[PDB]
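Two forms of the same protein chain are encoded below as C-alpha cells; each is given separately, as structure 1 and structure 2.
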Structure 1
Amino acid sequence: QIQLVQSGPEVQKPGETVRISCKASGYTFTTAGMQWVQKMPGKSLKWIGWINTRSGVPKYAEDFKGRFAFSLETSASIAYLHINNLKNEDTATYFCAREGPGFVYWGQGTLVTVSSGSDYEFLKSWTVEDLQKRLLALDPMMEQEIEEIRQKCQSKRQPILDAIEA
C-alpha cells in the first residue's frame, strides 16, 4: 500500500517562506518522480513541476519557477515544496503526486494560507477597544464553522461504524 502523507496547514504573511513535506511509503522512493500540484476552490488544478528523485533534478512550470523550489531528503523518503516570498495569491491547497506518467498516488493536500498584502494602515487609527471588539466579533462565525465540521465528521463516522457492525 502506497501512501503519501503531507505536513499540516501553514499560515504565513506575504514575503515569508513555507516548506511543505510529502512523506512517501510502500515503494522505493527513488524509483519514481514526485510532482506537485496547486489547487484553489473553483479554479483548475495547476501543475507546479516535478523532481526526479534519483538525480535530484527538478522541472518547473513557467509560472512557478520564480519562487517555488523542490527538494528531497532521500534517506527519509521525503519530498519538499518550498514557496518563497509568499504572495497572498499563493493561498491554495498544494498536493504531492507520484509519477506516472502524470499523477498516480496523491498526498492528502496541504492548505497554505497567506494573509493580506493590502493596506490596513487605517486600523492603526482605531482605539484598542474598537480593535478588540472587531477581533472578538470574528469568533462566533469561526465557532459556527468548527461546529459544522464536528457535525459533518460525526455524519462521516456513523456509516463506517455501521459497516463494521453489520
Structure 2
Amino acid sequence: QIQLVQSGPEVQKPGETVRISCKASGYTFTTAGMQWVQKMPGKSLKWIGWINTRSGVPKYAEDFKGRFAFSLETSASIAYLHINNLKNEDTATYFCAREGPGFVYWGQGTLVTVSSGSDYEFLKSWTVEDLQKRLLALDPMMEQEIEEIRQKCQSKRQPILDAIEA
C-alpha cells in the first residue's frame, strides 16, 4: 500500500515562508520522482515541478521557479515544498504526487492560507476594545460552520449504517 501523507493545513502572513511536507511509504522512495501541484480555491490545477528523488535535482514550471523550491530528507522518505515571500494568490491546496509518468499516487493535500496583510494596516489604528469585539464576533461564525459540518457528516453516516443493517 503506497501512501503519501502531507503536513496539515497552515496559516501564514504575506512575506513569510511555509514548508509543506510529503512523507512517502510503501515503495522505495528514491525510485520515483515527486511532483508538486497547486490548486487555488475554485480553480484548476497547476504543475509546480518535480524533484528527482535519486539525484535530488528539481525541475520547475516557469511560473513557480523562484519563490517555490523543492528539497528532500531522503533518509526519512520526505519531500518538501518551500514557499517563500508568500503572496495572497498563494492561498491554495498543495499536493505531492508520485511519478509516473505524471501523477500516479497523491498526497491528501495541504491547504495553505495566506492571511490578510491589508487588514492589519487599517486595524492597527483601532482601540483594543473594538479589536476584541471584532475578534470575538468571528467565533459564532466559525462555530456555526463547524456545527454544519458535523450535521452533514451525520447525514452521510446514517445511510451507511442503514445499508450495513439492511
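Residues are numbered by position in structure 1's sequence, first residue being 1. Here, rigid core means the biggest group of C-alpha atoms that superpose within 1.5 Å across both forms.
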Quiz item: Of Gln144, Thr17, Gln151, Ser25, which one has a Cα that moves 2 Å or more between structures 1 and 2 once the core is lined up?
Solution: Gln151
Quiz prompt | Yes/no, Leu123 Cα shift of 2 Å or more between structures 1 and 2 with rigid core fixed | solution = yes
Practice problem: Could you check how much the CA of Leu135 shifts between structures 1 and 2 after a rigid core fit, in angstrom? | Solution: 1.4
Quiz prompt | Backbone CA shift between structures 1 and 2, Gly100, after core fitting (angstrom) | solution = 0.3
Quiz item: So if we fit the rigid core, how much does the CA of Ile160 shift between structures 1 and 2, in Å?
Solution: 5.7
